[PDB]
Amino acid sequence: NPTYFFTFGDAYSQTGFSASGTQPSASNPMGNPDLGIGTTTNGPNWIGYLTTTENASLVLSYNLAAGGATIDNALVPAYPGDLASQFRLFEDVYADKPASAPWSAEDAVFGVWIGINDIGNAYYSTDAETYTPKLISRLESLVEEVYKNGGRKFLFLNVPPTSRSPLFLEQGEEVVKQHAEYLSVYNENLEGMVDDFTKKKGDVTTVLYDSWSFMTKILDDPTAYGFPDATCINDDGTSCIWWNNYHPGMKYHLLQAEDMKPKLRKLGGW
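Here the entry's author numbering is used: the first residue of the sequence shown is 24, the next is one more, and so on.
Put into structure tokens, the structure is as follows:
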């Protein structure tokens, strides 16, 4: 009795899953590509670890996240595969519960990790207090599409401190600060939206995972996690927090998945 884990997001979540590639099954829970391919981590990412390492029962991963994604190109634009397009792919292929993914309210979990690129592109050109509610409202309206399909279990990850990625550290501390302050407003509004959605619907099971605090703990004390510092980059994915200047490696993603596991028990797969 599988959990169908549909995920949406950006390169922190991408694996290169194609809706026309091999589909998830008990013998192949990621569908495609092989576990540990297609990520920005040199190995599995948090979805691969949640699906195949941290799972308490069978989890089938349908991972629609795409590199560079923003929430909606009508707001902060970037790449064609925005979150809106990921939801459209979901609606076109999986929303009607086909034989390949015959999910139900009791066994589908919809995970969304978005906002890194919206903030990364708009933190200096928009007013966080009045602009981030537009982003969050659009996220909520996409979530409502899945709700109308019958989805009831949702996982939202807040935005991690990409202000402290090497890519942003190099822009100067006042830019790190400007970006971080904007991000804080987004995450606060994200939290408020998840809380309001949960209360308003009354029949949903939701988790807001505070990736920001978790990765901040590691950045603040890297050696306690076996990393030599909080800034080095190594594309082996394990020697440093950072796989490249903007994406953390597989060791970080495994630590996050391990941190997430107990918080996901209520969602059914963990």
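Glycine included, each C-beta is placed from N, C-alpha and C at the ideal position.
Task: Nearest-angstrom Cα separation, counted from residue 43 out to residue 109 - done: Answer to the nearest angstrom: the Cα atoms are 14 Å apart.
Open item on the list: Suppose you measure from the CA of residue 174 to the CA of residue 128; what does that come to, to the nearest Å?
Closed with: 5 Å
Open item on the list: Assuming contact is defined by CB atoms lying nearer than 7 Å, are residue 35 and residue 83 in contact in what I supplied?
Closed with: no
- [ ] Just the C-alpha distance for residue 176 and residue 220, rounded to the nearest angstrom, thanks.
- [x] 12 Å
Task: Residue from 119, 266, 231 whose Cα sits closest to the Cα of residue 190 - done: 266
Task: Limits of the alpha helix (DSSP H) - the one that residue 169 falls within - done: 151-172
Task: Residue environment, residue 24, which counts as buried when at least 16 other CB atoms sit within 10 Å - done: Classification of residue 24: exposed, given that the 10 Å Cβ count is below 16.
Task: Residue burial classification, residue 65 (beta-carbon count within 10 angstroms, cutoff 16) - done: Its Cβ being crowded by 16 or more others within 10 Å, residue 65 is buried.
Open item on the list: Measuring straight from C-alpha to C-alpha, what distance separates residue 79 and residue 149?
Closed with: 42 Å
- [ ] Only counting runs of 3 or more residues, tell me where the beta strand (DSSP E) segments fall wholly within the stretch 224-270, in order along the chain.
- [x] 228-232, 265-267, all fully within the stretch 224-270.
- [ ] Evaluate residue 246 with the Cβ neighbour count: other Cβ atoms within 10 Å of its Cβ, from every protein chain shown; 16 or more gives buried, anything less gives exposed.
- [x] Exposed, since its Cβ has fewer than 16 Cβ neighbours within 10 Å.
Task: Backbone secondary structure at residue 38 - three-state DSSP - done: coil
TODO: Helix, strand or coil for residue 90, going by three-state DSSP, please let me know.
DONE: coil
Task: For residue 176, three-class secondary structure by DSSP - done: Here residue 176 carries a strand assignment [DSSP, helix/strand/coil].
TODO: Return the Cβ separation of residue 15 and residue 180 in integer angstroms, given the expectation that the two are a contact with Cβ distance under 8 Å.
DONE: Past the edges of the chain, shown from 24 to 293, lies residue 15, and the structure says nothing about it.
- [ ] Please report the residue range of the beta strand (DSSP E) in which residue 26 lies.
- [x] Note, residue 26: beta strand (DSSP E), 26-32.
Open item on the list: Using a 10 Å radius around the Cβ and a threshold of 16 neighbouring Cβ atoms, would you call residue 67 buried or exposed?
Closed with: Taking every protein chain shown into account, the CB of residue 67 has 16 or more other CB atoms within 10 angstroms, so this residue is buried.
Task: Own chain partners of residue 141 with C-beta closer than 8 Å, once the 5 adjacent residues on each side are dropped - done: 93, 94, 98, 99, 158, 209
Open item on the list: Could you compute how far the alpha carbon of residue 187 sits from the alpha carbon of residue 199?
Closed with: Looking at the two C-alpha atoms, the distance is approximately 7 Å.
Task: Distance, residue 89 Cα to residue 39 Cα - done: 7 Å
TODO: Measure the CB-CB distance between residue 139 and residue 74 and report whether it falls below 7 Å.
DONE: no
Open item on the list: Just to confirm before moving on: does the CB-CB distance between residue 241 and residue 248 stay below 7 Å?
Closed with: In this structure, the beta-carbon distance from residue 241 to residue 248 falls below 7 Å.
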